[PDB]
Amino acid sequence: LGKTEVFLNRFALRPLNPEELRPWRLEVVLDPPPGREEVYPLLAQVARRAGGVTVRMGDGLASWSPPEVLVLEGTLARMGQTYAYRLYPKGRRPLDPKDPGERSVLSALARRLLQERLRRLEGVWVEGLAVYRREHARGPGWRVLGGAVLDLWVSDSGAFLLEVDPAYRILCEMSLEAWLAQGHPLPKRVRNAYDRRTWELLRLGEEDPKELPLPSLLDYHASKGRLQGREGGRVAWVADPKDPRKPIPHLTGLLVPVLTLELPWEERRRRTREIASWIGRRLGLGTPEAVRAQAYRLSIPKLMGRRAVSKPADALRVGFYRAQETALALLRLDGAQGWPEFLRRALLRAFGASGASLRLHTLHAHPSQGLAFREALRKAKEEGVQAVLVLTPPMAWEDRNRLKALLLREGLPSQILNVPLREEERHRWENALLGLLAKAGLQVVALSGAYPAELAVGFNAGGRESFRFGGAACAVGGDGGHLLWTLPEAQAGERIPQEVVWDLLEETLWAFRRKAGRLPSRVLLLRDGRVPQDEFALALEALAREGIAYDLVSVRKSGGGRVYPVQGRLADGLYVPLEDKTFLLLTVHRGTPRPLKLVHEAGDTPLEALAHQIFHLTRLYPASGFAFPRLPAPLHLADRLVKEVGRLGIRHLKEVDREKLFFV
């Protein structure tokens, strides 16, 4: 559809000068010849110690300052060791904004120059490359500030670029004893005053600090120098952030509270244009010209119930895109008896429209019966039950998870619906109903349209603490197809192992080969952030050998900055090319919208096309009912799948149908 012009929260500034396009170069020289694994955290530390504006350039420094006015000789204490540096001038070296390699450096210096010129300005705050200008609260002990977070790089032409985005700080000005005595509840986070390590403040200790055995609190922390200039308070039984179970005593005097809980797009645009003007001139960088880019309102998707719909909730009266014969059991954990009538009517209305038939069972049993309860589950499944609705008061995480896993071990997904529930809460129970139905394995909605790819799979990592899970969900059938998940696999990090990516992918290829009678002509591959170097290498090879076409795309929930209209309102579905191989996509519009940032990593489909499918896949998600997810359904699904599997383990899923969206 239409073109448009939009404002990016970037601003063009002055060209770099003849001296800036040619930094001085320096050769570092450390005493304890550097460790092989420490040279980066440390070389970056020397660039800072050098003074002036100077960054790391390979294994030396690039400086925008003549060596004569740098601290070329110093010492350095990192992780306990004391290294002694010495900087040697190695003349100067021109850099080419054209060459993105040398441009990497010019933007490194740019960030320094930015933060170093923010440092010398009175009446503000500089927590990193961010500035806090107009204070926001007088407060009573605690001060919350206004301001903005900034960034500053170079460009192809060789000009500075200044990204700007409004922000806030929540700072404390007292002690864990002083602030808590000032009349406020106990904090969740609490950082040491003599260090930067943090703890999960659990409780207070009804024990004497002096006579308390330390596997003595009074004697141990005082014999470190902490007792000076301060007065340790009472025992504060804290617990590690890594090991959440084991407590460790500590003094409420040596602790500071890490306070936390305690803008509109019209306004945000404003505040951004202001902060940019000021900074532009107090910086000697010129008048801030608001960069503009061409946008494109993408063609709205055709959501299909049985008849077309605007929201998945509508399928509840129009009928489902593909309903089958389905049995749903009810489990109540409160005292009550049967299905609330309005819930019965509602399901029946929706199932009538769709055609096929509905059986409504009841589970007369309670988890408290132990194995008996499972046996009741086994019979429900036996009578064709597919999912269960659980009416109950709010469960606690631990009991919630136990229940969910319990039912899944008998292949019953389940939807929880909290029980103080009045019929006029239509939004709640309709969403619960949608959840119930997707968990049962129905396709509640689909898309009408032709797309480049007939198979779209999303890959996420991680729902766990120590290790994580790599998983994939997919929409199969280009048609605007039907949805399914695959068994996740545990992994050490964020990187999904190459063999796993392929294997998960092949499960979706096979799902396709079972629905249509062929291989897909082309798959769209979504990844949930950075694509770790070469992660899809093996997978993409295989797709070739098999004759399947593909497109890979990093989809990033952050980094896309902001997008404002030159005039009018922001529409749903703005596609905004940028540096080739990357574009923003503004898929939804609380306050100010955060656009996805997408990087076409591999494959030869045009950006607009990828941007078309992705935006549309945004509306495929069946469990949201009255609002769409910012993310394509395949990645939203995978995100959920990876979280549920981390909440409650992989062991339970062996007998659950990949077509039943149990994690929604």
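Note that residue numbering follows the sequence shown and begins at 1.
Unmodelled stretch separating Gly80 from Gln81: none (count of deposited-sequence residues without coordinates). Coordinates are absent for 1 to 3 residues of the deposited sequence placed between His589 and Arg590. Judged by mean Cα B factor in the deposited record, 219-227 ranks above the other of 219-227 and 101-109. When 470-478 is weighed against 235-243, 235-243 comes out higher, by mean CA B-factor as recorded in the entry. Out of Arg189, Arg117, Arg402, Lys379, the entry records its largest CA B-factor for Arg189.
Highest C-alpha temperature factor among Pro393, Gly517, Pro565, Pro488, as the PDB entry reports it: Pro565. In the deposited entry, the Cα temperature factor of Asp604 places it in the middle third of its chain's modelled residues. Ranked by C-alpha B-factor against the other modelled residues of its chain, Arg48 falls in the middle third. In the deposited entry, the Cα temperature factor of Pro257 sits in the top third of values across the chain's modelled residues. Split the chain's modelled residues into thirds by C-alpha temperature factor. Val39 is in the highest one. Per the deposited record, the Cα B-factor of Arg344 falls in the middle third when ranked against the other modelled residues of its chain.
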